[PDB]
Number of protein chains: 2
Amino acid sequence: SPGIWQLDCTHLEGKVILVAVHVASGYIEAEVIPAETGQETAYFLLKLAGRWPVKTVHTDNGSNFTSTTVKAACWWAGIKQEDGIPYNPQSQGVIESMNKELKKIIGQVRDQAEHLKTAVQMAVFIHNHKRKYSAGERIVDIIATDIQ
Amino acid sequence: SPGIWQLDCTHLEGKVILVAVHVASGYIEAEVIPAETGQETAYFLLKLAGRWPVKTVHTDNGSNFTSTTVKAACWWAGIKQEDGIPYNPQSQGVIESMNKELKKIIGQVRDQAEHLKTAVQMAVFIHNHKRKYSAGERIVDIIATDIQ
Ligand SMILES: NCCCCC(=O)N[C@H]1Cc2ccccc2[C@H]1Cc1ccc2c(c1C(=O)O)OCO2
Ligand SMILES: NCCCCC(=O)N[C@H]1Cc2ccccc2[C@H]1Cc1ccc2c(c1C(=O)O)OCO2
């Protein structure tokens, strides 16, 4: 569980926001892309796995699960690719809630940024720093504990 | 010192690789950009600060130090912007060594990627996972200790 992430794709302003959530902490990384292709997803996962110890990824849909490019990236980065089928429905809803929460934050900052990508990164910042401990704190504590 | 990062800009294939190094661990994040502008640097810092607790940034040159856009991003993200003047001279060399080491790794993977950006993210991955403990391990341990 320190190494488990979930992909999530949501839409805003005719664009796609691709999100990776560290399941145990709620910590996220996100990017804006024109559309969700295997290529974009593969590149995003490579970035993520270089930055955090990504062991398992629950893919967001069957197209990405099937994608040979995504499979190649997962092989390259040592990621076990899994389906994102919510066998525990606290996952349809927990994801929905995150997308709504992120879009809320994006709207709160949207006027401060010319470009959506900037607003999205502002939202990532606010989300990961928000004391509820913060998600940023939780992920670091979880991984440090695992390491030792 | 858990919050201190250093910017570093290096060149390859007519492109620019912008690197942020967490000084205490050697952990890096990096991106390829067409050229090093205040706008690109500001966006890069926003991304970084959303993902790790960036307190202080030693900027890579005076243009970025001066940039009103970089200053705005640093204000937004709660980053103290500092000059990157190596008052402890082992620093120009430690950066030079990192750039040479990253370019070496990039050359070792370059053939596996159509695009330089992919090779750069492969290099980030290899760099942060390399046992020497790894840089990824060191940054997490340093921050977890600080938090607690
Ligand atoms: N509408 C207000 C105009 C902003 C003037 C100004 O300096 N803003 C800061 C605020 C702020 C706050 C955090 C980070 C960057 C920025 C800058 C914006 C910016 C910079 C770089 C970018 C951007 C944009 C963007 O504006 O999206 O896009 C991709 O690279
Ligand atoms: N056999 C038919 C095609 C094989 C190609 C193939 O799947 N390579 C993997 C290897 C590999 C290893 C790690 C991550 C991605 C990739 C993929 C490459 C790739 C994917 C997405 C991208 C890229 C590139 C790129 O090539 O730079 O650029 C920006 O977004």
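Naming: A, B, ... by sequence-line order, numbering from 1 per chain. For the numbers below, each heavy atom of this structure counts, side chains included, while hydrogens, waters and symmetry mates do not.
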Q: Check whether any side-chain heavy atom of A/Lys117 sits under 4.5 Å from a side-chain heavy atom of A/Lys15, and report yes or no.
A: no
Q: Would you check if B/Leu7 and B/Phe44 make a side-chain contact, meaning some heavy-atom pair closer than 4.5 Å?
A: yes
**Q.** Same cluster (ILVMFWY, side-chain, under 4.5 Å), A/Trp5 and A/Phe65
**A.** no
Q: Return the minimal non-hydrogen interatomic distance between A/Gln6 and A/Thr59, and the atom names on each side.
A: OE1-O, 3.8 Å
Q) For A/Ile33 and A/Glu36, which heavy atoms make the closest approach, and how far apart are they? A) CD1-CA, 3.8 Å
Q. Does a sphere of radius 6.0 Å around NZ in A/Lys71 hold more than 12 heavy atoms from other residues, nucleotides or ligands, not counting ones at 6.0 Å or beyond?
A. yes
Q.
Which heavy atom of A/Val70 sits nearest to which heavy atom of A/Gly38, and what is that distance?
A. CG2-O, 3.5 Å
Q | Co-membership, hydrophobic cluster, residues B/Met98 and B/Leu18, 4.5 Å side-chain | A | no
Q) Is A/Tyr43 reachable from A/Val124 through a run of hydrophobic residues whose side-chain heavy atoms are each under 4.5 Å from the next? A) no
Q) Between CG of B/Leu102 and CD1 of B/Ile106, what distance do you get to the nearest 0.5 Å? A) 6.0 Å
Q) When clusters are formed by joining ILVMFWY residues with side-chain heavy atoms under 4.5 Å apart, either directly or through shared neighbours, do B/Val54 and B/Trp75 land in the same one? A) no
Q. Between B/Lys55 and B/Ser1, is there a donor-acceptor pair closer than 3.5 Å when you use the side chain of the first and the backbone of the second?
A. no
Q) Does A/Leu12 reach the side chain of A/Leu116, with side-chain heavy atoms less than 4.5 Å apart? A) yes
Q: Can you see which heavy atom on B/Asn128 is nearest to which on A/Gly50, and at what distance?
A: ND2-O, 2.9 Å
Tabulate below the donor-acceptor pairs under 3.5 Å that side-chain atoms of residues 88-96 of chain B make, not counting sequence neighbours, or state none.
unit_1	atom_1	unit_2	atom_2	d
B/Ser91	OG	B/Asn88	O	2.7
B/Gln92	NE2	B/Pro89	O	2.6

Q: Mind checking the CG-NZ spacing from A/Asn99 to A/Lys104? Nearest 0.5 Å is all I need.
A: 14.0 Å
Q | Taking every non-hydrogen atom, the tightest pair across A/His58 and A/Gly84 | A | CB-CA, 3.9 Å
Q.
According to side chain to side chain donor-acceptor pair (under 3.5 Å), who are the partners of B/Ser67, at least two apart in sequence or on a separate chain?
A. none
**Q.** NZ on B/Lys100 to OG1 on B/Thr10, rounded to 0.5 Å
**A.** 12.0 Å
Q: Starting at CZ of A/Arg138, measure out to NZ of A/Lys132 and round the result to the nearest 0.5 Å.
A: 5.5 Å
Considering only distance and modelled atom types, tabulate donor-acceptor pairs under 3.5 Å from the side chains of residues 22-30 of chain B, sequence neighbours left out.
unit_1	atom_1	unit_2	atom_2	d
B/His22	ND1	B/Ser25	OG	2.8
B/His22	NE2	B/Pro2	O	2.6
B/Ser25	OG	B/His22	O	3.4
B/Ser25	OG	B/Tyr27	N	3.0
B/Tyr27	OH	A/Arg51	O	2.7
B/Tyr27	OH	B/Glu29	OE2	3.4
B/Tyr27	OH	B/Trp52	NE1	3.1
B/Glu29	OE1	A/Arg51	NE	2.9
B/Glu29	OE2	B/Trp52	NE1	3.0

Q.
Looking at every non-hydrogen atom in both residues, tell me the closest pair between A/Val16 and A/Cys9 and how far apart they are.
A. CG1-SG, 3.2 Å
Q) Between CD of A/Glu82 and SG of A/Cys74, what distance do you get to the nearest 0.5 Å? A) 10.5 Å
Q) Which residues satisfy the side chain to side chain donor-acceptor pair (under 3.5 Å) test with A/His127, sequence neighbours excluded? A) A/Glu101
Q: Validate the cation-pi geometry between B/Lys47 and A/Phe125: distance from NZ or CZ to the six-membered ring centre under 6.0 Å, angle to the ring axis within 45°.
A: no
Q.
Between A/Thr41 (side chain only) and A/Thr37 (backbone N and O only), is there a donor and an acceptor less than 3.5 Å apart?
A. yes
Q.
Under the rule for ring pair (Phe, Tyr, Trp, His ring centres under 6.0 Å), what residues qualify as partners of B/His115, not counting sequence neighbours?
A. none
**Q.** side chain to side chain contact (heavy atoms under 4.5 Å, CB included) involving A/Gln112 - partner list, sequence neighbours excluded
**A.** A/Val109, A/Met122, B/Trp76
Q. Is there a side-chain contact between A/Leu45 and A/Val57 (heavy atoms, below 4.5 Å)?
A. yes
Q: Look at the side chain of B/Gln39 and the backbone N and O of B/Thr69, then say whether any donor-acceptor pair between them is shorter than 3.5 Å.
A: no
Q | Separation of B/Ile79 CD1 from B/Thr56 OG1 (nearest 0.5 Å) | A | 9.0 Å
Q. Any side-chain heavy atom of B/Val32 sitting closer than 4.5 Å to one from B/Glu13?
A. no
Q. Given the rule that I, L, V, M, F, W and Y join up when any side-chain heavy atoms are under 4.5 Å apart, are A/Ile143 and A/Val21 in one cluster?
A. no
